[PDB]
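Listed next as C-alpha cells is one chain, alone, in the form solved without its partner chain.
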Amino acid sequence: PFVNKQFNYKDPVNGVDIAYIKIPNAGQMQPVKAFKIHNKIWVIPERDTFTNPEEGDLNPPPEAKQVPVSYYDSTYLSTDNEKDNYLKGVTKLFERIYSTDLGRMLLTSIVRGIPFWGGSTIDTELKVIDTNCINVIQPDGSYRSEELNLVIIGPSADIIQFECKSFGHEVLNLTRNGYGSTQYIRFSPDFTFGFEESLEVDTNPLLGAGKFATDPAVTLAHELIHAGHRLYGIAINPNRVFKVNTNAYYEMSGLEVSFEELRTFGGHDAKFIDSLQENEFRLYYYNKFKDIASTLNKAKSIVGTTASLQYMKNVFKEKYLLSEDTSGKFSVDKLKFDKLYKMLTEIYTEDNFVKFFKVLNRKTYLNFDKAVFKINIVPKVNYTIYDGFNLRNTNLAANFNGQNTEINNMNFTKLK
C-alpha cells in the first residue's frame, strides 16, 4: 500500500527495508536487492529467473515458436536506471490503487492475509511454512528468515506474461484450502496493452474503432485481486474452465476462460457463473475456515522464537474474522464469513476498479489485447496518482483522450 518512504534503487542496504534477499528456490540463486515498500510487501526490480528453475534465462524461443500475444527483450530491466524507474513506477501504481476506497480496502486485506502456520506434522503445534518467507542477508553474510505476503517482481522471458504465482506444498493445496501462501506477482509498469473501444454515441461507426491503452493501475489491481484470493486460500482451481456459451453447440468449438479469471474480472463476465456453483464454493471454503478455527483451538505449542502462540492465534483470528468466546475458543460466524468472502470475490474485481478509477477499460475479459506499448508512468506530466493518463485540467481529461494511443501518441510507443 502507501509507501511512506522515498526509495531510490541506489540507496544503501540497511538490512531492514532495503537489502539483498534469497527466496525459497531449487537452484542456489545469487541474492537480489529488494525493497520493503510497506508491511508484508516487497518489490524486487529484477527479471524473474529465480522463482522457477525451468525459467532460469531470458532467452527468447525461436521466432516462429513464440505466440502472437507475447514480447521478448532480454535487455529489459538490466540497468540500475531501469530498476530505479521500475521501482518508482510500481510504487506510484500502489499509491493510485491506495487512493481509491476500494484499493485501500484490498491492500488492507492483503496485508492482513498472512499465510496460515500449517507447516507442522504435529496437529497440536503451529509452525510457519518455509516457502512463505524470504531470507534477508545480514552484514556477516548470515541470513534472517522473514515472513511476507506479497512480492512484486519483474517478468520472466515473456515480458507481458503477468501472473500471480506461489510455492506449493507436498500435500496441502495452499491457494485453495483457506491457508494461503506468499504471492509473487510478475509485473511491469513499463508496458501496457492496447484494446479497441467505440465511444461513438451515434450510429455511424463507418470509420472503425478507437485505439486505447489499458491503465497499468488496473492491470496491477487485477493481479492483486488474484493475490487476495490466494492469500486467503480461496482461489478456484485453474482446471475449472469455461468455454463461452452465448452461442455454443457441443463439446467446445472456441477459446476458453477459467472461472478464476472470470471471477476476478467481474461485471457481466462473472454473472455467467451459476449462482448454484457459487454457493457450492462458498460453503466449501466456509468449512475450510472452520477447520482452521479447529486447528487453532487444538494448538498447544508453537515453533519459533519471537511470537507466542496467543500472538499468532490473534493474527489468524483477525485474518479470518473468527469469533472468540470467553473460553478463548474460536468459531466461524456464517455472517462474517459471507461478508469477507463476498468482499474478496465479488467486491474486489477488475470491473469495480475501473469504476473507481473512472478510466476506459476492456468491457469483457474476452476482449483480447491488440498490441503492446512502451510507456513511462514516472514523470508527473505523463501520469498521476489521481488521474492516471487522463490529466485533469487538460484535453487528456476529455473522452479518455489520455488513454487514446492516437491522440496521446507521445505516451505510447508501439513495439508489436
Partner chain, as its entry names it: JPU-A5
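Numbering follows the first chain given and starts at 1. By rigid core we mean the largest C-alpha set that fits within 1.5 Å across both forms.
Same protein, other form: the form solved in complex with its partner chain, not shown, and the subject of what follows.
The candidate spot formed by 57, 190 and 415 lies out of contact with its partner chain in the entry with it bound, as no residue has a heavy atom within 4.5 Å of it. Segments offered: 290-298, 276-284, 84-92, 258-266. Contacting its partner chain in the entry with it bound at heavy atom distances within 4.5 Å is 258-266. In the entry with it bound, none of the heavy atoms of residue 329 sits within 4.5 Å of a heavy atom of its partner chain. When contacts are judged by a 4.5 Å heavy atom cut-off, residue 365 counts as touching its partner chain in the entry with it bound. Residue contact check for residue 161: one or more of its heavy atoms lie within 4.5 Å of its partner chain in the entry with it bound. Not displayed here, its partner chain is kept clear of residue 376 by more than 4.5 Å at the level of heavy atoms in the entry with it bound.
Note: rigid core superposed between the shown form and the other one; among 81, 124, 326, 203, the CA shift is 2 Å or more only at 203. Comparing the forms between the shown form and the other one on their rigid core, the Cα displacement of residue 171 stays under 2 Å. A displacement of 2 angstroms or greater separates the C-alpha positions of residue 26 between the shown form and the other one, with the rigid core held in common.
In this overlay on the rigid core, residue 255 has a C-alpha that sits 2 Å or more away from its partner position between the shown form and the other one.
Note: the CA-CA distance for residue 201 and residue 398 expands in the entry with it bound relative to this form, by 3 angstroms or more.
Between the C-alpha atoms of residue 213 and residue 202, a gap narrowed by no less than 3 Å is obtained in the entry with it bound, as opposed to the form on display.
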